[PDB]
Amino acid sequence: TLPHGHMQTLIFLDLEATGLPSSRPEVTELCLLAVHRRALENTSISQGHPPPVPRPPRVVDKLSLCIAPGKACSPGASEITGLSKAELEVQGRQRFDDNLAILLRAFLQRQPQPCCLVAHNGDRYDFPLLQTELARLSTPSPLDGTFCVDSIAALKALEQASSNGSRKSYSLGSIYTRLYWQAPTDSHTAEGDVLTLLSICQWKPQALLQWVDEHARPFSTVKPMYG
């Protein structure tokens, strides 16, 4: 039996930030895309080889926010994301603050529970970093009742256990292009990367949901990236 029941809402998540973990980075952009499990189960199943890119579900909740960091972006981060401290501050973006936590809470509370965050490389990056950002706030984390999984492990199972010990790349773009023979769009933007992740999770939608139900773990158990 499933450890936490059937997930009713999948929230595809991506973050951009000031740099890589050893720089103690800060979030500069956040996108959440909430999809009911029934929207995934209604995705058309693949049309041969290569299949077409699935279309996103009609009924979706989307939140995309730009966030001013308290430190400069690494050159490598600015180079790929198109974001910098100057871009964000000149356009009046606010810091990762209590009000943001409230916004996230109200967004989550509009989704049927339980919810599971899905992020590519989430276990090593997105989830620990979000935990760090939320832990330094006064508002309690709005995610302590939410679950999470890493889509890297999900797509590894769906690819390996369904079709050669050869290693495959599991970067977000490599997966997308391997499945659909097509280049992702708007790479290294929070929203663009979330839509790419949604497309690869729509590849085998019922298999993905089952794997998520089986591997969802509480977000509260995620260790912060740094203190």
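For clarity, a rigid core is taken as the largest C-alpha set superposing within 1.5 Å between two forms. Counting begins at 1, following the sequence as shown.
Asker: If you line up the core and then measure how far each C-alpha sits from this form in 5 other deposited structures of this protein, which stretch comes out higher, 177-185 or 190-198?
Answerer: Taking the RMS over all superposed structures in 5 other deposited structures of this protein, 177-185 lies farther out.
Asker: Would you say residue 56 goes unmodelled in a third or more of the other compared entries?
Answerer: Other entries vs residue 56: none skip it.
Asker: As a check of understanding, is residue 165 unmodelled in at least a third of the other compared entries that model its flanking residues?
Answerer: Affirmative; at least a third of those entries omit residue 165.
Asker: Counting only residues of the deposited sequence, how many between residue 163 and residue 164 have no atoms in the entry (none, 1 to 3, 4 to 9, 10 or more)?
Answerer: In the deposited sequence, 1 to 3 residues between these two have no coordinates.
Asker: Which has the higher mean CA temperature factor in the PDB entry, 36-44 or 52-60?
Answerer: Stretch with the higher mean C-alpha B-factor: 36-44.
Asker: What stretch has the higher average Cα B-factor here, 169-177 or 61-69?
Answerer: Result: 169-177.
Asker: Out of 30, 201, 158, 194, which one has a C-alpha B factor higher than all the others in the entry?
Answerer: Comparing C-alpha B-factors across 30, 201, 158, 194, the top value belongs to 158.
Asker: Which third of the chain holds residue 210 when residues are ordered by C-alpha B factor: lowest, middle or highest?
Answerer: Middle third by C-alpha B-factor.
Asker: Where does residue 75 sit by CA temperature factor within its chain: lowest, middle or highest third?
Answerer: As the PDB entry reports it, the C-alpha B-factor of residue 75 lands in the highest third of its chain.
Asker: Among the modelled residues of its chain, does the C-alpha B-factor of residue 92 lie in the lowest, middle or highest third?
Answerer: Tercile = middle for this residue's CA B-factor.
Asker: Going by the CA temperature factor in the PDB record, which third of the chain does residue 136 belong to: lowest, middle or highest?
Answerer: For residue 136, whose C-alpha B-factor we compare with every modelled residue in the chain, the answer is the highest third.
Asker: With respect to C-alpha B-factor, does residue 123 fall in the lowest, middle or highest third of the chain as deposited?
Answerer: Residue 123: CA B-factor falls in the middle third of its chain.
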